[PDB]
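Coordinate inspection notes
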Amino acid sequence: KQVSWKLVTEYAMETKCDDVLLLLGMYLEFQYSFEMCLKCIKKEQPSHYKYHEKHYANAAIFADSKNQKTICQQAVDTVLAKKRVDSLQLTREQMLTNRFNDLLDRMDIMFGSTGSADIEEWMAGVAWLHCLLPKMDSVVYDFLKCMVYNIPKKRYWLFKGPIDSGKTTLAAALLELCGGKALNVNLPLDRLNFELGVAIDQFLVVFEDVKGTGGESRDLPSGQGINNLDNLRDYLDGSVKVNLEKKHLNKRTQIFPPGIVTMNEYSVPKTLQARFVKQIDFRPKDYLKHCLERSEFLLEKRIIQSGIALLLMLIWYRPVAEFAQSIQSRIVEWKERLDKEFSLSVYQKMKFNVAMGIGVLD
Amino acid sequence: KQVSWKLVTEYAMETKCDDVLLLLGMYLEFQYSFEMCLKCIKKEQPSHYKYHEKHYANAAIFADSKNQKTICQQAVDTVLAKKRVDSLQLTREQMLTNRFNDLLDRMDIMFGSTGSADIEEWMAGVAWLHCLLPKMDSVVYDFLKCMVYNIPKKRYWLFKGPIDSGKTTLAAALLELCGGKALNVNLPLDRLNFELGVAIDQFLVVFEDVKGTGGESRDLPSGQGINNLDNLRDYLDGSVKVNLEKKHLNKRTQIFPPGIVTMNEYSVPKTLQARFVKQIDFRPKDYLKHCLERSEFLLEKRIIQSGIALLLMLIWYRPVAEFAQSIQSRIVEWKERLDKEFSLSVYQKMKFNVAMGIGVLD
Amino acid sequence: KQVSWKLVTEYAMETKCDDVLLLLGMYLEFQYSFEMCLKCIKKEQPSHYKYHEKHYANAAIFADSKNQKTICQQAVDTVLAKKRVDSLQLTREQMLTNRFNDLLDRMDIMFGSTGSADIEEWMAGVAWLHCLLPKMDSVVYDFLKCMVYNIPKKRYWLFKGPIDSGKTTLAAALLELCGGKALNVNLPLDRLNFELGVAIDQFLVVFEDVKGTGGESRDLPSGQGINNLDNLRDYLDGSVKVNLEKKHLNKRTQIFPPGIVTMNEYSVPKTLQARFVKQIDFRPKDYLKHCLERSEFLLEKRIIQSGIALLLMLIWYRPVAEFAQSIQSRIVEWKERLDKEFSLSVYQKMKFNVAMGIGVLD
Amino acid sequence: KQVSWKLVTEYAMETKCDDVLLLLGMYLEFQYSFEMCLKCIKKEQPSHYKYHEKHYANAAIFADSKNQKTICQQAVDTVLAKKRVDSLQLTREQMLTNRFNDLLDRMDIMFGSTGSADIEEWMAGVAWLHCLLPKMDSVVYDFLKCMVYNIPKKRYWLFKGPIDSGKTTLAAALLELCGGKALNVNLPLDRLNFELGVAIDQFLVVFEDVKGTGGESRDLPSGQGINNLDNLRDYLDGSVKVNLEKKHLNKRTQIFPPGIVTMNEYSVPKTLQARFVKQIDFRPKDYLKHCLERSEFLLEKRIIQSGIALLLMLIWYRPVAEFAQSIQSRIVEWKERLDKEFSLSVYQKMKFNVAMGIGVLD
Amino acid sequence: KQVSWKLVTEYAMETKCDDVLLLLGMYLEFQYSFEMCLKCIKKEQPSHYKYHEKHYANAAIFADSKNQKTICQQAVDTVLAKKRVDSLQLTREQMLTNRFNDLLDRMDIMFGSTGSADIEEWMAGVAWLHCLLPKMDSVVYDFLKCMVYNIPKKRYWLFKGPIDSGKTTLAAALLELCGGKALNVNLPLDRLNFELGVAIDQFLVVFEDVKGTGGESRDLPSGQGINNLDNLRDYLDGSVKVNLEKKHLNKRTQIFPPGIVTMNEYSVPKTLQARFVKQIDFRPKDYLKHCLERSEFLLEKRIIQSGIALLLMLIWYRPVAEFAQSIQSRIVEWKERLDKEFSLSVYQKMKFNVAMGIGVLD
DNA sequence: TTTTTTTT
Ligand SMILES: Nc1ncnc2c1ncn2[C@@H]1O[C@H](COP(=O)(O)OP(=O)(O)OP(=O)(O)O)[C@@H](O)[C@H]1O
Ligand SMILES: Nc1ncnc2c1ncn2[C@@H]1O[C@H](COP(=O)(O)OP(=O)(O)OP(=O)(O)O)[C@@H](O)[C@H]1O
Ligand SMILES: Nc1ncnc2c1ncn2[C@@H]1O[C@H](COP(=O)(O)OP(=O)(O)OP(=O)(O)O)[C@@H](O)[C@H]1O
Ligand SMILES: Nc1ncnc2c1ncn2[C@@H]1O[C@H](COP(=O)(O)OP(=O)(O)OP(=O)(O)O)[C@@H](O)[C@H]1O
Ligand SMILES: Nc1ncnc2c1ncn2[C@@H]1O[C@H](COP(=O)(O)OP(=O)(O)OP(=O)(O)O)[C@@H](O)[C@H]1O
């Protein structure tokens, strides 16, 4: 008898795996009998225990194969090929709904019975976020629309404020929400060529704490970033395709993604200021700090950074109508679950705690 | 029974697919029964639903194959070979005649039964562009002739003007129309080597916002742009072939394509000034801004950036005799459709609104 | 008759052999008769003598294969695949538990009957380390807990004090205990990128001997390192993911490991001071120096450098419940062995000798 | 039945086709019935219509093969091998008379029954070019002989002098005649080293407008060009064989071809100036401009760039005995055809119109 | 029946072909009927006509092979392997022995039955050479044996004296008979590192004219060469191995080869002087300039810096016993020719013509 | 083996 390459390709597809080693190592685990498989029995990893029993017989024959890496290479190509197809054919709206469907699926586990997460802790995080800026949930919705529409020369938001004002915290959550990559452009102009390479097929990008010059007036360290960015104004404008590069790999040509720039309080060339559609001023606030000092499970579990938290905020605040049609059914079910588990008074009590700088809980 | 490599190759010719992963991805979709293929039923992508029923039988056998990437590679080579043959044997006029047929096919879809494009919005865009400069349609015809004739050392048009003058917007539409590439020359002088290698077999090129000097007086921060271009006089002149470069590939020798450069008003060594056969100067004009500020669907659908819009302009403004004979038939049908779909009064109403800076529609 | 690739892969898994050439060389040795094998008879290397008799038959056929390196590559891939699976799935507590099992296996050999080590000399090592700082064993337990929880901000420890005050000694033993890498941030800012690349997939990092500035007032040579660290805030706080680079490789994105910073008595910015959960002062003490003179078998055998010594310290001092439940069984057996071989009076006599600055043994 | 790789390789030889993609594309055209082939019917391309009938049967079987690129790779190597064998064995005269036969074969077609351009125009181009400098034919005959004899140090000719002197125009015609290569050195030495590899197996080379120094007083930017020139003096002198480079392929050592190098009026190291038997510059004669401006089919059809124009000029001006012996049959035959279609008075009419600076074809 | 790979390998060995393309090309020529092979009839190339008849049948089958380049790659490996064996095994004397035998075969070419350069035009070269300076044949023989023995310290001679003195001209000529290279030290030490590192595996070496700093007081330009070489004690002495280095390459270890230093009349430290066996100074000579001016055929066929002209000078002056013991056969066989064809009077006439500075071939 | 890294 012979290996079914088809079943391996299915497993790669269903796990959305695209590392040949991870795929290989995972598939090899199935060669022992699932009936005693302690990973199955302890229900430790779904990407194992869902599949072991299905794939078992083929895994045993695969364990004898002399071609093992070639089989995995073909499977990984298929997963990569599907991403390529999607990049050229989905609407930006559909991409976002797909991404949301995956987060919602992860939320299904986290707050499941096997779910380790305390939904009350995660809901506490939403209170702290809704304090960080005026009209926070409206700001998120405006950003999401901006990213979907991707209007040329109206594509980039500037975050600036003192050190320790939560700008990278907020960027992290948006980036996990949408998917994308961070970039560092405080660099020499040569390595920069490969640095920009990682934007390929990404949805967002974030430029992390770019450095101005002469900021030592405000005691800011000076550096490359701003002067270096002004050369790349084309990539911001997104008005035409550009050519992007990776190590040992020939170029690809695409429009450079929309995104966010984070910055200390340097000044900026208005040639670049003109390219930011919007600017948000962050500020340190004492009650956030004193609340947070008394609420450190927020930090310990990274709740405040995580896109799951922003999604929960939108589900709480926004009308069902604002979500694209197919996910509205899941959105309604989560809304019901949230309202069942939390009164408004409980949420308002939490917000009042944050304002009072006590620990969020009481 | 065995895979027809011939049928795969034929699909790649039919679709003009260049990427082995994109080819692989799309051919796999045909493995499921077209009898119920939701993509077919929803009529979403022409390159799928036209072909699924035909290729289904072969795709089922391809889905089992162990060679898959090899079969796709040969198919992609066949498409690339056809481009090489065409590049060496067509007149530039035939190349453009082919390009127009492809756009016209896309227009037949866009405004066809599936009809996703509103021809009213698209024609409103034509009025906006025809307003952007005097005698706009005449200027387009001049540029096309210049690119077709490709007279040596009379090959390049310079666009100069301040920010938001619209020069990029015009250049973007022209690039789509002819199918060129955009290139960045403000980079360091080394990886220009792999950068300019993108121009292999291209019809047209545009260099974007070439960073010069002297403009620091006016807050144009300077760079290698003008330095690098004056280093490349022969590439502009197209007087003799040059070598071009790609990773893991030996050099290709050919004449460098004609085209366009965009400039905020840095200084220019007159060794470059000699080589631009023409320069056009652009100016911001507030009433256009007030127009877009209401008619924002122009930007959101990117209408004013598209070669599709320029093609519609030419069909409106030019004699049928200016077009190559083989398409004059298709041109006549589109002229007829346009006269049916719009009265001159409607177009005059639009163009009046554009001049008023009110929203184009009323 | 055929080679069993399976038996090779099993050997590679059991030896955890990462390198193809090392794997190849060792397997070939088995082709001679284990029954006469001098290396077996002299019990020189466990990775040989445990295995020779089992693999002999397959090694004989392997010796005639024409595919030899191909067999080894597939085997080595299996070992690498296992590591990446583990990296993405194990808890940090699981990782540490595995690491301890490895050390315990080496100790079983070292102090075995074949064992060349002397448990008494190695216990003399523990007495010296326990004198290096107050409450040494509690300090280790605290450090380990901090690494396992990896709580944001609460992640990094500072070792401070003069030259030859022992800080590097303790760093090295901890680094051996946990596994990890040393890094040197005194470099000029451009080279740091590949330097930090070393951190990829590590459990710990140690920053060696970061040079401040202006400590030359105290004869300390000045350097960049302190400023470089103050510019790496997110790497230390560990709240969000970071991109990391290696030579000829594409970047990977992960949370930067926790770790240790070591320095002489440079002044430290408050911005940097706030990064550290804890600071430990090392001071030179003469009685340790005079003891080391008279007890230099400690240095010669590198006892005081080794994680093996720290593990013995944990076994002697900590309650059994403090260890991960699985290994508690082995821990009891080692505690029992140590209790048998040393009365507390013997151990305390050694501690007294170190306090005298006299030789440890009497 | 199976593909004849032999018949494929014959086509590659007889086309002298030298690119694997071009060859692949070309041969696949033959898979259709030649009996109805539109290209055959058009007599569109000789390299098709001469061969379609002969290769049809083999091309049909080739069209089904799975090895298609491998077949073409072997065929291409046969053509490269033939070139390398000629490269060493032939005398420089024997090479040149082969080159002339190829050009004569084109002219037989160009002015043939297909006749796609008319010798009156090309002869007018001869008149324009003979007008460009005194006794043009004689100066050409010197250059040809100098390149055949290839005397060291007395080996290269300079074209210094202003923009739009036509110096590049003359270089292009000579290079087309000789079948050399252009090369660039205005470059980093660490890619210059590999770029020169194109010099393998070339009769002649040309270096274009190389960046000197001192010319910055005349706005000519100084640069790497002349540094790289005055370095490699061996290559200029042709003093000894030296190595040359290719990707994924063996290097080669051989003497460097003789050549021309061109500049505008930079300064030049006398250490370099030593190495040039002729050291000439070129300056505008404005009436020719006014003629060309009124004779633009000359420039549009690139006639005054072509090598064909030089060969026509030599056929007119030179004695039959000045040519290599074997071709003198064809030389006489073409000398007839000129005289059969032109009086001297017609040629002199053209030349006075040119000298007068007026549209030629009265 | 099938291609003998063996026969191909014999031909490669017999012709000492290093290049897979040459081997392929030439071997394919044998496929045509030997019995009327017109290249054989013309006796153009021994590498063909000596072999075709033997290889014919195999070459026919070779031309039908589908595998051709693979056969040639193995054959080329055989020749390279042969070289690398001998390169490691043999003595410097054996190496020079074979190098003589090669260039004696080059004489058998130069004056074979085609006589394609006149043996006595070459004798006129020998005259100009021996007329150059005192006793030149002995000075050659001494320097040659000095370089063969490579005795420590006794390894470097100093060619002082002004420009155009011939010191460059002569030393370069010896390298034809030896291999080797010349190198630069007029440079700051960061260059000098790589510059020294060039010299790997050279049989002999030379230095560029030392522009001695500390010698500018003689009204001369300088580079750092004096302090450089005076510090480079070991490399000159050749008493021990040293390490050598190149861009992007690791170090290599060898005894630094022996050689020649050249300069104008610069200053020298007594220590740097102690590095040399001989001080020489050259000068331009009024007879010799006017002789070459009147004798330029010696330059035209590259005689005056050929090695063959030195070989003939040796075969003239030096007795048979002074040559490699078996090669002495050939020495007699050329003494036969030279002493037959040339009277001492024509030799003395030629020498006297150089002594009068007049044209040698009176 | 190119490439990326080195080199700069
Ligand atoms: N608005 C705020 N007021 C007070 N403390 C804040 C505020 N925002 C963040 N913090 C505290 O500062 C810590 C760091 O937050 P964060 O990393 O997002 O700051 P940042 O200023 O955006 O950083 P960076 O400029 O380095 O990207 C938080 O974990 C929290 O403890
Ligand atoms: N002539 C114009 N008058 C007013 N607004 C204009 C004009 N042209 C363009 N715009 C506005 O400016 C935006 C950007 O135009 P565009 O990028 O083409 O200008 P540009 O001069 O090429 O700019 P840049 O040098 O920044 O790339 C357009 O999307 C439109 O909103
Ligand atoms: N507390 C101590 N008192 C006296 N001597 C010490 C002490 N600790 C270490 N030593 C001596 O110092 C030597 C070096 O130890 P170690 O490298 O750990 O010192 P360090 O302070 O970390 O130095 P550095 O910062 O230079 O690496 C040890 O081998 C030992 O001889
Ligand atoms: N006698 C002339 N009078 C006027 N223009 C001339 C004359 N000869 C040549 N030119 C012009 O020179 C233009 C460019 O020619 P060419 O590129 O060969 O010159 P060049 O000196 O090599 O220039 P560059 O230094 O810019 O490369 C031609 O298009 C031609 O019109
Ligand atoms: N002694 C001589 N007298 C006259 N002409 C000579 C003499 N030697 C060589 N020549 C001619 O002069 C040319 C230059 O000689 P060469 O470069 O060898 O001299 P050099 O002294 O090494 O010069 P430099 O120190 O300037 O590099 C030779 O190639 C030859 O044509």
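Residues numbered from 1 in each chain as written, not as in the entry; some residues may be left out. Chains lettered and ligands numbered in written order. Part of a larger assembly, values for the part shown. Heavy atoms only, no water.

The name the PDB entry gives chain A is Large T antigen, with Betapolyomavirus macacae as the organism. Per the header of the deposited record, the title is "Active SV40 LTAg complex with DNA (3D variability component_000, frame_010)".

**Quick word on the environment of E:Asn98**
To be explicit about the condition: Each helix corresponds to a stretch of at least 4 residues labelled H or I by DSSP, and each strand to a stretch of at least 2 residues labelled E; elements are numbered beginning at the N terminus.
Take E:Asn98: it is sitting in helix α7 (residues 92–110). Counting along the chain gives 226 residues from E:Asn98 to E:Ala324, while the straight-line C-alpha distance between them is 9.3 Å.

**Some points on helix α11 (residues 189–197) of chain E**
Owing to its 3.6 residues per turn, the α-helix aligns residues three or four sequence positions apart on the same side. Residues and elements named next belong to chain E. Stated formally: Only protein chains enter the accessibility calculation, which uses a 1.4 Å probe; a residue is then buried when its area is under 20% of its type maximum, exposed when over 50%, and partly exposed in between. In this description, the arc belongs to the directions extending from the helix axis to the C-beta atoms. Whether two residues are in contact is decided by their heavy atoms, any of which lying within 4.5 Å being enough.
Within the span of α11, buried status applies to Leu192, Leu196 and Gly197. Buried residues of α11, seen end-on, are gathered within an arc of 125° and therefore sit on one face of the element. Check the buried side of α11 and you find it contacts α12 (225–231) and β4 (241–244).

**What about the interface of chain E and chain D?**
Our working rule: Defined here as a combined quantity, buried area equals the accessible surface (1.4 Å probe) lost by two parts on assembly, summed across both. By definition, a salt bridge exists where a carboxyl oxygen of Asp or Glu is found within 4 Å of a side-chain nitrogen of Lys or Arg. Pairs of N or O atoms are called polar contacts if they sit within 3.5 Å, as long as, within protein, a hydrogen donor faces a hydrogen acceptor (for residues adjacent in sequence, only side-chain-to-side-chain pairs). Side-chain classes follow a simple rule in which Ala, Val, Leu, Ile, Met, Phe, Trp, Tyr, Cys and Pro form the nonpolar group, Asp, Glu, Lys and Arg form the charged group, and the remainder, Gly included, forms the polar group.
Taken together, the contact pairs 20 residues of chain E with 20 residues of chain D. Summed over both partners, the interface of chain E with chain D comes to about 1,800 Å²; 49% of that surface belongs to carbon and sulfur atoms. Sorting the residues of chain E by area buried against chain D places E:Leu21, E:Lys66 and E:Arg302 first, and these three jointly supply 33% of that buried surface. At the boundary of chain E and chain D, one finds four salt bridges. In this structure, D:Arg84 and E:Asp19 form a salt bridge, with 2.7 Å as the shortest nitrogen-oxygen distance. Between the two partners, chain E and chain D, sit 10 residue pairs in polar contact. Every element with two or more residues in the side of chain E that touches chain D is listed here: α2 (20–29) and α6 (68–89) of chain E. Examining the composition of the side of chain E that touches chain D, we find that seven residues originate from one element, α2(E), more than from any other. Partitioned by chemical class, the residues of the side of chain E that touches chain D number six nonpolar, six polar and eight charged.

**Let's talk about the site of ligand 5**
Short version of the rule: For this purpose, a residue is taken to be near a molecule or strand whenever a single non-hydrogen atom of the residue falls within 4 Å of it. Throughout, the Shrake-Rupley method with a 1.4 Å probe supplies accessible areas, and for residues the shown protein chains are the sole cover considered.
As a structural note, the neighbourhood of ligand 5 is formed by 19 residues, with E:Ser165, E:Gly166, E:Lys167, E:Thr168 and E:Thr169 the closest of them. Close to ligand 5, residues of chains D and E are found. Between ligand 5 and the protein, one listed contact pairs an oxygen atom with a backbone N or O atom of E:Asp164 at 3.0 Å. E:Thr168 has a polar side-chain atom sitting 2.6 Å from an oxygen atom of ligand 5. Relative to its unbound accessible area of 640 Å², ligand 5 is 79% covered by the protein chains. Listing elements by their share of the shell around ligand 5, those giving two or more residues are α10 (167–174) and α15 (286–293) of chain E. Split by residue class, the shell around ligand 5 holds six nonpolar, six polar and seven charged.

**Brief notes about the protein's contact with DNA strand F**
Among the 23 residues in the neighbourhood of DNA strand F, the closest are listed as A:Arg191, D:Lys247, D:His248, E:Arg191 and E:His248. Taking the atoms of DNA strand F that fall within 4 Å of the protein, sugar and phosphate contribute 82% of them. At 2.7 Å, a side-chain N or O of A:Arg191 approaches a phosphate oxygen of DNA strand F. Within the contact set of DNA strand F, a phosphate oxygen lies 2.7 Å away from a side-chain nitrogen or oxygen of C:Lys247. Taken together, the elements giving at least two residues each to the surface near DNA strand F come down to α11 (191–195) of chain A together with α11 of chain E.

**Digging into the nonpolar core**
Here is the rule we go by: Residue types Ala, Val, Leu, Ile, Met, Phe, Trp, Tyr and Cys, when buried and joined through side-chain atoms within 4.5 Å, form a set referred to as a nonpolar core.
By size, the foremost hydrophobic cluster in this structure holds 72 residues, and its most contacted members are B:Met107, B:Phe111, B:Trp122, B:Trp128, B:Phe159 and B:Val354. Here this core takes 10 residues from helix α8 (residues 119–132) of chain B, the largest share from any one element. The contact partners of B:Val354, leaving out residues within four places of it in the chain, are B:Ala127, B:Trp128, B:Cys131, B:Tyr287, B:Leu288, B:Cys291 and B:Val360. One finds C:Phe111, C:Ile280, C:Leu310 and C:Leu314 within the second-largest nonpolar core, a separate group that totals 68 residues.

**Overview of the packing of aromatic side chains**
Any pair of aromatic rings gets described here by the distance separating the centres and the angle formed by the planes. To keep things clear, this is the line we draw: We call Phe, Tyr and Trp rings a pair once their centres come within 6.5 Å, taking the six-membered ring for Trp, and we label the pair stacked below 30 degrees between planes, edge-to-face above 60, and tilted otherwise.
A complete count under the given rule lists 71 aromatic pairs over all chains for this structure. An angle of 40° between the planes, with centres 6.4 Å apart, marks the rings of A:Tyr156 and A:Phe207 as tilted. Of this pair, A:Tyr156 sits in strand β1 (residues 156–160) while A:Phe207 is found in strand β3 (residues 204–210), placing the two residues 51 residues apart along the sequence. The interplanar angle of 90° and the centroid separation of 5.2 Å between the aromatic rings of C:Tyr11 and C:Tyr51 together place this pair among those described as edge-to-face.

**Examining the relation of the copies chain D and chain B**
What connects the two chain copies is a rotation about an axis and a shift along it. To keep it simple, the criterion reads: Placing the copies on one another, the fit minimises squared distances between their C-alpha atoms.
Of the transformation superimposing chain D on chain B, the axial component is 1.3 Å and the angular component is 59°, with the fit at an RMSD of 0.6 Å. Taken together, the rotation angle and the small translation identify this as a six-fold axis. For chain D, the smallest separation between a C-alpha atom and the rotation axis is recorded for D:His248, amounting to 7.8 Å. When the interface residues of chain D are mapped onto chain B, a mere 8% of them are again interface residues, pointing to distinct binding faces.

**Topic: the site of ligand 3**
Residues and elements named next belong to chain C. Surveying the vicinity of ligand 3 reveals 14 residues, the closest of which are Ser165, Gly166, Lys167, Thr168 and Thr169. Between ligand 3 and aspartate 164 there is a distance of 3.2 Å, counted from an oxygen atom to a backbone nitrogen or oxygen. At a separation of 2.7 Å, an oxygen atom of ligand 3 approaches a polar backbone atom of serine 165. Breaking the shell around ligand 3 down by element, the ones donating at least two residues are α10 (167–178) and α15 (286–294). Top element by residues in the shell around ligand 3 is α10. It accounts for three residues. Class assignment of the residues belonging to the shell around ligand 3 gives a composition of six nonpolar, four polar and four charged.

**Side note on the UniProt feature "binding site: Zn(2+)" in chain A**
Residues and elements named next belong to chain A. Quick reminder of the rule: UniProt positions are given in the numbering used here, feature names are shortened, and annotations may be inferred rather than shown by experiment.
The positions that UniProt labels "binding site: Zn(2+)" are, in the present scheme, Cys37, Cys40, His48 and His52. The annotated residues occupy 16 residues of the chain but converge on a single region, no pair of C-alpha atoms lying more than 9.9 Å apart. Summarising the element assignment, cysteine 37 is placed in the loop between α2 (20–29) and α3 (38–41). Looking at the secondary structure, you find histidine 48 in helix α4 (residues 46–49).

**With respect to the pairing of strand β6 (residues 259–263) of chain A**
Residue and element names in this part refer to chain A. What counts here: Following DSSP output, two strands are said to pair if at least two bridges run between them.
Most of β6 sits inside the fold, with five of its five residues counted as buried. Of the two faces of β6, both are covered, the one formed by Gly259, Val261 and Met263 as well as the one formed by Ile260 and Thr262. Where β1 lies against β6, five bridges are found, and the strand directions are parallel. When the sheet's bridge partners are listed, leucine 158 is paired in β6 with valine 261. For β3 and β6, the ladder comprises four bridges, and the chain directions are parallel. Following the sheet pairing, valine 206 is matched in β6 by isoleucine 260.

**Some points on the sheet that holds strand β1 (residues 156–160) of chain C**
All names here are of chain C. We apply this condition: Axis geometry follows a simple rule: fit a line to the C-alpha atoms, using only the stretch in contact for helices, then measure angles between N-to-C directions, giving values from 0 to 180 degrees.
Pairing is parallel across the open sheet formed by five strands, whose spatial order is β2-β3-β6-β1-β7. Of all the strands in the sheet, the pair left with one neighbour each is β2 (180–183) and β7 (278–281). Each strand of the sheet is rotated relative to its neighbour by a mean of 20°, with strand direction disregarded. Bridge count for β2 against strand β3 (residues 204–207) is four bridges, and the pairing is parallel. Along β3, the bridge assignment pairs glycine 180 with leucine 204. Contacting β1, β3, β6 (259–263) and β7, helix α9 (residues 136–149) crosses the sheet at an angle of about 145° to β1. Its contacts with the sheet place α10 against β1, β2, β3 and β6, and it is angled at close to 165° to β3.

**Side note on helix α18 (residues 328–339) of chain D**
Residues and elements named next belong to chain D. The criterion, for reference: To estimate the expected span of a helix, subtract one from its residue number and multiply by 1.5 Å.
With 12 residues, α18 ought to run about 16 Å at 1.5 Å a step, and its terminal C-alpha atoms sit 16 Å apart, in line with that. All of the buried residues along α18 are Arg330, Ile331, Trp334, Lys335 and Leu338. For α18, the angular spread of the buried residues around the axis is 140°, confining them to a single face. Relative to its buried face, α18 has exposed residues pointing more than 90 degrees away, namely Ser329 and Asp339.

**A short note on the interface of chain D and chain B**
Taken together, the contact pairs 40 residues of chain D with 42 residues of chain B. For the pairing of chain D and chain B, the buried interface totals around 3,600 Å² over both sides, and the portion due to carbon and sulfur atoms is 50%. Contact with chain B buries area across many residues of chain D, yet D:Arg191, D:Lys247 and D:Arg302 alone supply 18% of it, more than any other trio. Joining chain D to chain B, the criterion identifies seven salt bridges. For the side of chain D that touches chain B, the secondary-structure elements that each account for two or more residues are α2 (20–28), α6 (68–89), α10 (167–178), β2 (181–183), α11 (189–195) and α16 (297–300) of chain D.

**A few points about the sheet that holds strand β6 (residues 259–262) of chain D**
All names here are of chain D. With parallel pairing, five strands are arranged side by side in an open sheet as β2-β3-β6-β1-β7. Edge positions in the sheet fall to β2 and β7 (276–281), since each of these pairs with one other strand and no more. Each strand axis lies, on average, 20° off the axis of its neighbour in the sheet, ignoring direction. The sheet contact formed by strand β1 (residues 156–160) and β7 spans five bridges and is parallel. Note that in β7 the partner of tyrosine 156 across the bridge is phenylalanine 276. Set on the sheet, α10 makes contact with β1, β2, β3 (205–207) and β6; between it and β1 the angle comes to about 150°.

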